[PDB]
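Read-outs throughout are calculated quantities, based only on the coordinates presented, and are distinct from any laboratory measurement. Please note: Cβ atoms are built from the backbone with ideal geometry, for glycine as well, and neighbour counts cover all protein chains shown.
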Protein chains: 2
Amino acid sequence: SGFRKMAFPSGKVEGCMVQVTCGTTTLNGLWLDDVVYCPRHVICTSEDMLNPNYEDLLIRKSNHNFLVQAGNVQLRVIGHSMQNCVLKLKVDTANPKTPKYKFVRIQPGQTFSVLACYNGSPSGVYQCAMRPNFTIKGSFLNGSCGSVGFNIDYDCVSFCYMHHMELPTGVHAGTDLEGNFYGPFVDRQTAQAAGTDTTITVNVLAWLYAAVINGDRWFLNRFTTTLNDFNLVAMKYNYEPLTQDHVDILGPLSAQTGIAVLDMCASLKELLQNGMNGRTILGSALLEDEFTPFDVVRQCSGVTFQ
Amino acid sequence: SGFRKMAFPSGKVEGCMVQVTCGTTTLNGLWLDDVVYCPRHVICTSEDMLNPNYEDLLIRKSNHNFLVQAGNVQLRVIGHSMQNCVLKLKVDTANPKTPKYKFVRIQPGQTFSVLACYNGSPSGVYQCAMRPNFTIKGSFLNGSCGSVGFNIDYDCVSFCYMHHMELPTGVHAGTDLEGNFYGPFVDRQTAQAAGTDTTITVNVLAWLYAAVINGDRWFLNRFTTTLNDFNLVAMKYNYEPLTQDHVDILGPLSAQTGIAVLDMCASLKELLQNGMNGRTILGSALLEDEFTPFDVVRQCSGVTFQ
Ligand SMILES: NC(=O)c1cc(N2CC2)c([N+](=O)[O-])cc1[N+](=O)[O-]
Ligand SMILES: NC(=O)c1cc(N2CC2)c([N+](=O)[O-])cc1[N+](=O)[O-]
Ligand SMILES: [Cl-]
Ligand SMILES: [Cl-]
């Protein structure tokens, strides 16, 4: 049946994307009901970014300075406000395409889909994970700020990320939909460096369960281990420590495959110690950590949204 | 800015997906204007599949035997016909959500996005490539037949693939929207094995150009080569032969980076000969071949659709 990095269908989010321009800056906004959400740096000029005082810069702006365009139609802005690092622009029309939705702040290791957009227009969709150092590894060019990340359960879109910037190392940082940055990052041009990019162990294990369900079994072996023994190994390889909560989340996959979680941990431990010796797993030559256990079950069972 | 395997936004296609049931079989259909397209094996029972005579099985079916449901509403079927391996069910209502579209038969090495669906409901979206042996490497469970593959230019959706089956090795086979299978495959349970899965060289090169544009440059070197010399190497590694047409398509990337195509071919040749020695390129430990040169330019320039 196969296993691929899969994004959620994005049509429900495409219908919320709009362009926001303030003065000479144009980026993306998210229109839900009668509010348009966008990064507050829409009010900055490029030289403003080294050390912006957003509250002062915003004093010079009025509702008519924010130009919001939905596809070809212009929205009328009747109010604006700053919430942490996002601006909320109140418009006079509710978006007809607004899906059921929620805003959520995700935890590191959780995955979500990104709908990259430029000037209010979608360009593509891909899957991401909030890394342990709170950056994400995406694909964003200038003008893509304001593109969002989300997850979908049935018919409800949970928005969890809004894109704000690129670090000098090429990774990305952004905020939840309440405007709070994931991690320590700030919306200004300063020295901000990311911390260790540790591997999300529980996802690697889930992906090894997906591999076995799909026929890639060469890495299975005769050993087992314990959580404390496995974790010694994980520390050495900059892997996240595995907890009993993680073992418990892998329980459904453990049950479906008949492979105890600790036995899979023993497989992963040999893989870390000896490498893959030139072989591949689910088409990869390295250990994938951007699938959560929920993702593997979802995809191995065909869940759908409406 | 980063580079990721990215699917096209799928909302324009989500609005075309429907469920089709015939007797005891349920799968997906594609509703464009007033025709619903679906695999003809919707008329088969599981035992029919070993050696189906579709034309005979279809004699026993009338318009009212095909149940088509769009979300929660039922469509009225006023005509049905077989075209190669697809059935076309004429319905009495044009789909309101039909996007501008075209049907195209793609060539091996070209990429497209798949909107996996079950029972007429989207579950996810991912990027694929028509492999040289005409199979695709997807993620499909039972009930996913009828899910389609497509590309989008601006506002026009070009549909290029409809899913029909899984081979015993786990790869997938299907048809264009005219019902002709890609490759030698047939819609019955027989011994069908895929040929060599050769690597699409021109895409690997495009992806090396994307890597350099993104800062991964460790593989660049002091050498050059020729097309005939490079091709000796490609044959040894089961890579597609590179032609002058391929060099020409990489011309725009060659121009933007200042790296002549043959010099990149020399980099790829060392990579094939020596491996990656434990290093990665654009986050991968192997050479990616599912990005076309058009894909790299599109994504490195932020093209959008409306
Ligand atoms: N790549 C960068 O140097 C950069 C760029 C921007 N964008 C505004 C220009 C922002 N930021 O948005 O604050 C911050 C950073 N930074 O490293 O802290
Ligand atoms: N995995 C298979 O053995 C298989 C399954 C199906 N599906 C119908 C059950 C089809 N086919 O659709 O023709 C063909 C094959 N085949 O290998 O040729
Ligand atoms: Cl991917
Ligand atoms: Cl890899």
TODO: Considering every residue within the stretch B:185-196, establish whether at least one is closer than 26 Å to B:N53 by Cβ and within 15 Å of the chain's Cα centre (by Cα).
DONE: no
Open item on the list: Looking at B:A211, B:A194, can you tell me which residue is within 16 Å of ligand 2 (Cβ to nearest atom) and small (G, A, S)?
Closed with: B:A194
Open item on the list: Going residue by residue through the stretch A:172-195, is there one that turns out to be within 11 Å of another protein chain (Cβ to nearest Cβ) and assigned to a loop (DSSP other than H, G, I, E, B)?
Closed with: no
Open item on the list: Just checking, does the stretch B:154-163 include any residue being within 13 Å of another protein chain (Cβ to nearest Cβ), in a loop (DSSP other than H, G, I, E, B) and of a type in the set (A, V, I, L, M, F, W, C)?
Closed with: no
Open item on the list: Can you find a residue that is within 16 Å of ligand 3 (Cβ to nearest atom) and within 14 Å of chain B (Cβ to nearest Cβ) anywhere in the stretch A:213-230?
Closed with: yes
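Is it true that A:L208 is touching a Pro at 6+ places or on another chain (Cβ under 9 Å) and either farther than 25 Å from A:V104 by Cα or within 16 Å of ligand 3 (Cβ to nearest atom) (or both)?
Working: touching a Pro at 6+ places or on another chain (Cβ under 9 Å): no; either farther than 25 Å from A:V104 by Cα or within 16 Å of ligand 3 (Cβ to nearest atom) (or both): yes.
Judged against the criteria, A:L208 is not a match.
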Open item on the list: List pairs: first residue in the stretch A:117-133 and in contact (Cβ under 8 Å) with a residue 40 or more places away in the chain and on the phi > 0 side of the Ramachandran plot, second residue among the aliphatic types (A, V, I, L, M) and more than 16 Å from ligand 4 (Cβ to nearest atom) anywhere in the structure, Cβ distance under 6 angstrom, at least six positions apart or on different chains.
Closed with: A:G120/A:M17; A:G120/A:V18
TODO: Just need a number here: residues in the stretch A:98-123 that are touching a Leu at 6+ places or on another chain (Cβ under 8 Å) and within 12 Å of chain B (Cβ to nearest Cβ).
DONE: 2
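Determine if the stretch B:215-235 includes at least one residue that is within 19 Å of B:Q299 (Cα to Cα) and surrounded by fewer than 18 Cβ atoms within 10 Å (Cβ to Cβ). Break it down into steps so the answer makes sense when it comes.
Of the stretch B:215-235, the ones within 19 Å of B:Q299 (Cα to Cα) are B:215-217.
Restricting the remaining residues to those that are surrounded by fewer than 18 Cβ atoms within 10 Å (Cβ to Cβ) gives B:215, B:217.
Yes, the stretch B:215-235 has at least one match.
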Open item on the list: Please determine whether any residue of the stretch B:175-193 is touching a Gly at 6+ places or on another chain (Cβ under 6 Å), within 23 Å of A:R4 (Cα to Cα) and not small (G, A, S).
Closed with: no
Task: Residues that are more than 12 Å from chain B (Cβ to nearest Cβ) and surrounded by fewer than 24 Cβ atoms within 10 Å (Cβ to Cβ), drawn from the stretch A:1-21 - done: A:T21
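Does the stretch B:289-302 hold any residues that are in contact with a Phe, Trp or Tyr (Cβ under 8 Å, 6 or more places away or on another chain) and facing another protein chain (nearest Cβ under 10 Å), and which are they? Please lay out each step first, then the result.
The first filter runs over the stretch B:289-302 and keeps only residues in contact with a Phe, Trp or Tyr (Cβ under 8 Å, 6 or more places away or on another chain), leaving B:289, B:291, B:293, B:296, B:299-300, B:302.
Those that are in contact with a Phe, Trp or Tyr (Cβ under 8 Å, 6 or more places away or on another chain) and facing another protein chain (nearest Cβ under 10 Å): B:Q299, B:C300, B:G302.
Across the stretch B:233-255, what is the number of residues that are within 14 Å of another protein chain (Cβ to nearest Cβ) and either without any contact (Cβ under 8 Å) to a residue 24 or more places away in the chain or assigned to a helix (DSSP H, G or I) (or both)? Give the derivation first.
Initially, the stretch B:233-255 is screened for residues within 14 Å of another protein chain (Cβ to nearest Cβ), giving B:237.
Those still in the list that are either without any contact (Cβ under 8 Å) to a residue 24 or more places away in the chain or assigned to a helix (DSSP H, G or I) (or both) too: none.
So the count comes out to 0.
In a helix (DSSP H, G or I), touching a residue at least 40 places away in the same chain (Cβ under 8 Å) and under 23 Å from the mean Cα position of the chain (by Cα) - does that describe any residue in the stretch B:285-293?
The initial filter retains those residues of the stretch B:285-293 that are in a helix (DSSP H, G or I), namely B:293.
Checking which are touching a residue at least 40 places away in the same chain (Cβ under 8 Å) leaves us with B:293.
In the following step, the residues that additionally are under 23 Å from the mean Cα position of the chain (by Cα) were identified as B:293.
Within the stretch B:285-293, one or more residues are in a helix (DSSP H, G or I), touching a residue at least 40 places away in the same chain (Cβ under 8 Å) and under 23 Å from the mean Cα position of the chain (by Cα).
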Open item on the list: Name the residue that is surrounded by the fewest Cβ atoms within 10 Å (Cβ to Cβ), counting only residues in the stretch A:124-146 that are more than 7 Å from every other protein chain (Cβ to nearest Cβ) and over 19 Å from A:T169 (Cα atoms).
Closed with: A:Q127
